[PDB]
Every structure is written in structure tokens, then in C-alpha cells.
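Asker: Mind having a look at this structure? Questions to follow.
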Amino acid sequence: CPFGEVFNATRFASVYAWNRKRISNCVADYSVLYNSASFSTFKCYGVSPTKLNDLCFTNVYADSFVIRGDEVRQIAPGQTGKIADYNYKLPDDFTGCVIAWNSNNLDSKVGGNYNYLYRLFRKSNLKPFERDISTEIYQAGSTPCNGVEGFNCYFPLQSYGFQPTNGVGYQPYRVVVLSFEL
Amino acid sequence: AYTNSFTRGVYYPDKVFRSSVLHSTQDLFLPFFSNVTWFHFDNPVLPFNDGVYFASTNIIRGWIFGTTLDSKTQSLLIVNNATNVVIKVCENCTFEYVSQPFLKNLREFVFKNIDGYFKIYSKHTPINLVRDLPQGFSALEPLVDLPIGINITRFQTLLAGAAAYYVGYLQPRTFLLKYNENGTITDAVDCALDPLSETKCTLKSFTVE
Amino acid sequence: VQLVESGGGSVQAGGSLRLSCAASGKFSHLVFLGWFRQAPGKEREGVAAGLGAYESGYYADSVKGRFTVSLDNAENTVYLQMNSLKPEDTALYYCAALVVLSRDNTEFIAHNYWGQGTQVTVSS
Ligand SMILES: *[C@@H]1O[C@H](CO)[C@@H](O)[C@H](O)[C@H]1NC(C)=O
Ligand SMILES: *[C@@H]1O[C@H](CO)[C@@H](O)[C@H](O)[C@H]1NC(C)=O
Ligand SMILES: *[C@@H]1O[C@H](CO)[C@@H](O)[C@H](O)[C@H]1NC(C)=O
Ligand SMILES: *[C@@H]1O[C@H](CO)[C@@H](O)[C@H](O)[C@H]1NC(C)=O
């Protein structure tokens, strides 16, 4: 029942403001999952992708965002890269199912889509499931030049840009992280 | 004004059913012989501190939970206004809830709010004479599990000769519940109070030698 | 949810304008990212930022001490003031609005939106 909306939705959230659409109290058949030509990475951790119809699990969370090609392998439990250090952390014990498919027909304009930003610099090293929506300045270098914003301090959000002539490594991949515990 | 809660404030920490076994759990409990404030103007806004033990002897109508109680933040005014109780979290409505009412007696409640869930326990033991908080041990059963998760750090009691209500603060200390044959709790020792009562938690009984 | 800009046209250098980004639709907070300046054939740069809950004025060095933003919570809008116009500031400006439809604490349904485009052509 409850998660046909989170997959086929027109637009998806960006990495800093990750959606956390929460589903409960209907049967989740999973028969439209794991056998579909659209998907590209179905790597469940701590639970097999098979034998998921025959369990019953509670407080299942369904995260969502969009990331580029060579950033799918940073949604693993661990693997501190760029977007797992500051933007989206999956805690070490995870019990989940990262579902990272491909979308280049929907998320690329003629001059490039700019609606899917991310957080490049951040002073804080993150905690698991910790949103960091605040946009305060980063102060690169021990330097008190605060209000100038020219150099030695950075506005942390930065845009991706998705042109359809780009390679496989930088097209956007609409991940969806079904997370559930007992 | 301080009154000494003797041994009260023990709820069922889980949802399973055990029988005649001495379980050892670690959660937020009211400490034994902890100083509880008598409140005989009457209602200053008090902090939360991850859990408070409300206990009053119909004058009490309810409680108001929030951050600063304006139109900016979502409130939580648990009020027993009608013949049934209602719960409003609005200020713009996100949630509401109606159930059987919560209403001499001794009304006890243990509020706790951890990780998006709002838990609330209850008990209704009767008492005639005023030992202010009686010595008898009785458990508490949960009423509802509320997954709303508004960040609450202030609470203030609704109201309507002075009336009494006590509030004692919870702490992360571990207990040792004695479950009975039927499945009820009839006694509990504290694992952090007395150097006698530590030895009852590392010998797994109620008797030492 | 759309976005609406104003304050555009062709105006002589050393004059003044006022840039306004107007929002609509259904939301709950509308936390602003800010104004973004994109020179023609260049990348957009974060000319204006720091408009969250707890914030501070973020202005780039090229317009530092010359342009000012203001938080207008009446329509959840923003006003960018124009002082002492200079053809280096000739750009198609954008406002960046983070909408949020999340009335709960947990289910943070919050897409990310941008505006339309402001034609700012100034010259001496
Ligand atoms: C989205 O639509 C496709 C094609 O109809 C379908 O195969 C897929 O299961 C849908 N996803 C969900 C879960 O809505
Ligand atoms: C109590 O308050 C609720 C709203 O929270 C209202 O719907 C109900 O009618 C009230 N009952 C009375 C009449 O006390
Ligand atoms: C209530 O919701 C509206 C949007 O529907 C919002 O503008 C307002 O700030 C919220 N808070 C109040 C004042 O009730
Ligand atoms: C259990 O309940 C029954 C029926 O109320 C009662 O007769 C019995 O004494 C109870 N036993 C204990 C140990 O509580």
C-alpha cells in the first residue's frame, strides 16, 4: 500500500533536506520491488532482499534524495566520503535497503537543472540521521575575515548541475533508503 | 517545600509478560527516597528534564506541554475537558486524539518523551489519610504510545482552600523488579541507593546473607 | 508552489532598484537560502545568504557594504536593496527558496525550489 508515492514522485528532495516520509499500518508486498528493470542498486544490509515479504517490521522509514553517479557507494554503512561526512549518515548498524536507481530523463534540463543542491564544506562532522539544514559560513583557514565571504570562508551549499550530455559518473541517481528496525 | 517519596514511581518498562522472575532493567525511573516538591500563583512553568513524576490526589484538569506556549511553536495541552479525555498538539492542526478519560484517590502519572514517542503511565490507588505520598508499592500501566515528537522542555498544569500536586524528576538509574505469579509487579529494589541495596542487584535475589 | 520576482528593468548606473522574491502555495517555514547572482555565461555565486532561524548577513566581497537583504515574514518574502548601480553587477538574479510541507517533526517532506529570473541590465 503506502509507498507507491515515494518512488514515482515528480521531484525529489536534495541531499541536505532529505525527505523522511514515514510509512506504517498497511501490508507492504514488495512484489513491485527487486524485480523491476528500472532499478540499478538494491543492496540490503543485515536483511536479505529475498525473505522480506514474509517478515513483519515496524516503524519503517523511507528516506529520499538525489545524488550523482560516483556517490552511490557512499550510502553504505561507513565509507566516509564527502556526502557521508557532512550530509547524510547511515549509522553503522543499519537494517535497511538502499535502493539507488537511475533517472536521467527526468532530472536534466537544457541548460542544466539546479534544483538539487548539496553541502560541500561543513565544520561539523555529523551524527547518524542528523539533518544539518542550517546554512551558516565555514571559515576556511584560521582567519577572522567573517563578513566578506570572498575567500578563507565559504557559503557551504553548492549546486550540482545536470546536463544530459554528461557522463555516467555525474548523472543523478534518485536513491531511496528504506530503513526499518524492530 | 520538600516531601519524601518513599518507594513509589515504578512502571512496566516493557510490553512483554513475565512470570515469577526477577527481571533487571535499565531505564528512566524515579529514585527511591528522592526529594519531591510540594506545591500547596500555584502553577509555575516547570522544566521537563527527560521525565517528571506527576502525582496529585475534580480539581486537576490537565497539563500543558510545549517550548514557550505561543502561536509560534506547537503546544501539547493534555486536558480532560469532556466526559472523555482529549489531547491537542495544535496551536494549525497536526494531530488530535480522543480516548477514555483519565480523571479519596491518588492519581499518579509518569510522563516521558524519548525519540519521537510520547509515553504516559497511570495508576489509581485509593488512600484516605494523608501520609502525603503513601508507602505502598503499586505498579503503573501505560495508557497510550504517542508518536508525535514535538521537542518538549516545559510543562505547566491546567487547573480550575489550596490543592496539592507533586512533581519529582526522573534520572537514568536501574532497578530490579519482582514480578509475581499472575504477572504484576509487587516489589523493586534500587541498584544505586544503599550499599546494602547494591548487593541485592549483584546477587539476583531479595535476600542476602 | 511557485516563486515570483520583481524589481527588473533597464536603469542607469548609480541609480537604485529593489529586488523582491515573492512566494505562494502551501508551506510551513520557507527557510530562505538567499539571492544568487549569475553573470552571463558564468556560474551562479552565493551573493546573499544567512536567512535561516539563527543567521548572519552573508554578502560577497564584490558587493560588500553596498547591497542589503531583509527577512519579510508577512508573505515569507525577501527584499534586496540596490545602492549605487555598477555594470559589474549586471546579472540574471535568482532567489532560492527551500519549501517545506512538514507539519510533523519526523516526516520532513521538503522539496527545493528556485525562482524565475530578473533582467538587471545597468550601464553608465
Ligand atoms: C512506478 O511506475 C512503474 C511503471 O508503472 C512501476 O513499475 C513501479 O513499480 C512504480 N513504482 C512505485 C512503487 O510506485
Ligand atoms: C473538549 O475539547 C475538544 C477539543 O480539544 C472539543 O472537541 C470537545 O468538544 C470539548 N469537550 C467539552 C465540551 O468539554
Ligand atoms: C500556521 O500555518 C501557516 C501556514 O498555513 C503559517 O503561515 C503560520 O506561521 C503558522 N503559525 C501560526 C501563526 O499559527
Ligand atoms: C491472581 O489472580 C487471582 C484472581 O484475581 C487471585 O485469586 C490470585 O490470588 C492472584 N494471585 C496472585 C499471586 O496475585
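By convention in this document, the chains of the C-alpha cells carry letters A, B, ... by their order, each chain's residues are numbered from 1, and ligands are numbered from 1 in the order they are shown.
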Output as a PDB file with C-alpha atoms, in the first residue's frame all residues of region 80-118 of chain A that backbone DSSP marks as strand (DSSP E).

Answerer:
```
ATOM      1  CA  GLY A  96      17.984  -1.336   5.667  1.00  0.00           C
ATOM      2  CA  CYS A  97      17.614  -1.322   1.970  1.00  0.00           C
ATOM      3  CA  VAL A  98      19.377   1.349  -0.078  1.00  0.00           C
ATOM      4  CA  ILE A  99      17.630   1.497  -3.463  1.00  0.00           C
ATOM      5  CA  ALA A 100      19.656   3.593  -5.899  1.00  0.00           C
ATOM      6  CA  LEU A 117      21.938  21.201  -4.168  1.00  0.00           C
ATOM      7  CA  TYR A 118      24.343  19.626  -1.707  1.00  0.00           C
TER       8      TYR A 118
END
```

Asker: Given a cut-off of 10 Å, which residues of chain C touch chain B, counting only C-alpha atoms, written out as a PDB file with N, CA and C atoms, in the first residue's frame?

Answerer:
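Listing of result.pdb after writing:
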```pdb
ATOM      1  N   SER C  28       5.236  25.539   5.383  1.00  0.00           N
ATOM      2  CA  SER C  28       5.242  25.694   6.835  1.00  0.00           C
ATOM      3  C   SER C  28       6.328  26.619   7.372  1.00  0.00           C
ATOM      4  N   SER C 102       6.153  19.975   5.964  1.00  0.00           N
ATOM      5  CA  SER C 102       6.276  19.004   7.046  1.00  0.00           C
ATOM      6  C   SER C 102       5.700  19.595   8.322  1.00  0.00           C
ATOM      7  N   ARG C 103       4.429  19.309   8.584  1.00  0.00           N
ATOM      8  CA  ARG C 103       3.834  19.776   9.825  1.00  0.00           C
ATOM      9  C   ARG C 103       4.267  18.924  11.007  1.00  0.00           C
ATOM     10  N   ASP C 104       4.694  17.690  10.759  1.00  0.00           N
ATOM     11  CA  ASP C 104       5.200  16.857  11.834  1.00  0.00           C
ATOM     12  C   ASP C 104       6.675  17.144  12.090  1.00  0.00           C
ATOM     13  N   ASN C 105       7.192  16.527  13.152  1.00  0.00           N
ATOM     14  CA  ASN C 105       8.610  16.633  13.469  1.00  0.00           C
ATOM     15  C   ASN C 105       9.445  15.641  12.669  1.00  0.00           C
ATOM     16  N   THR C 106       8.871  14.495  12.307  1.00  0.00           N
ATOM     17  CA  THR C 106       9.635  13.421  11.685  1.00  0.00           C
ATOM     18  C   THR C 106       9.606  13.486  10.161  1.00  0.00           C
TER      19      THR C 106
END
```

Asker: Excluding residue 50 (chain C) and any residue of its chain fewer than 6 positions from it, enumerate the residues within 9 Å of it, using only C-alpha atoms, and give them as a ChimeraX atom specification.

Answerer: /A:134-137,155 /C:32-34,56-59

Asker: Give me, as a PyMOL selection string, the set of residues whose atoms come within 8 Å of any atom of ligand 4, counting only C-alpha atoms and all ligand atoms.

Answerer: chain B and resi 180-184

Asker: Show which residues sit within 8 Å of residue 34 (chain B), as a ChimeraX atom specification. Count only C-alpha atoms, and ignore same-chain residues fewer than 5 positions away.

Answerer: /B:4-6,168

Asker: Would you mind reading off the distance between CA of residue 16 (chain B) and CA of residue 172 (chain B), one decimal, in Å?

Answerer: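 A separation of 21.4 Å between them.
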
Asker: Residues within 10 Å of ligand 3 (only C-alpha atoms and all ligand atoms), as a list in words?

Answerer: residues 70, 71, 72, 73, 74, 90, 91, 92 and 93 of chain B; 25, 26, 27, 28, 29, 30, 73, 74, 75, 76, 101 and 103 of chain C

Asker: Quick one: residues within 7 Å of residue 61 (chain A), only C-alpha atoms counted, chain neighbours fewer than 2 positions away excluded, as a list in words?

Answerer: residues 20, 21, 22, 23, 59, 63, 178, 179 and 180 of chain A

Asker: Grab the CA of residue 122 (chain C) to CA of residue 110 (chain A) distance for me, in Å with one decimal place.

Answerer: 27.5 Å

Asker: Name each residue within 8 Å of ligand 1, counting only C-alpha atoms and all ligand atoms, as a ChimeraX atom specification.

Answerer: /A:3-8,32-33,36,38

Asker: List as a list in words the protein and nucleic acid residues near residue 53 (chain C), meaning an atom at most 8 Å away when only C-alpha atoms are counted, but skip any in the same chain fewer than 2 places from it.

Answerer: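 Here the answer would be residues 31, 51 and 55 of chain C.
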
Asker: For ligand 2, list the contacting residues at 6 Å or closer, counting only C-alpha atoms and all ligand atoms, as a list in words.

Answerer: residues 81, 82, 86 and 88 of chain B

Asker: For a quick test of understanding: name the residues of chain C lying within 7 Å of chain A when counting only C-alpha atoms, and present them as a ChimeraX atom specification.

Answerer: /C:46,50,52,55,58-61,64,106-114

Asker: Please provide the set of residues having any atom within 6 Å of region 37-39 of chain C, restricted to only C-alpha atoms, with same-chain residues fewer than 6 positions apart removed, written as a PyMOL selection string.

Answerer: chain C and resi 45+47+91-93

Asker: For a quick check of understanding, using only C-alpha atoms, which of A:139, A:102, A:70, A:29 has the smallest distance to residue 51 (chain A)?

Answerer: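 Checking each candidate against residue 51 (chain A), we get A:29 as the closest.
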
Asker: For residue 55 (chain A), which of A:74, A:101, A:81, A:28 is the closest residue, counting only C-alpha atoms?

Answerer: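 Result for the nearest residue to residue 55 (chain A): A:28.
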
Asker: Rounded to one decimal place, report the CA of residue 119 (chain B)-CA of residue 143 (chain B) distance in Å.

Answerer: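 These two atoms are separated by 7.9 Å.
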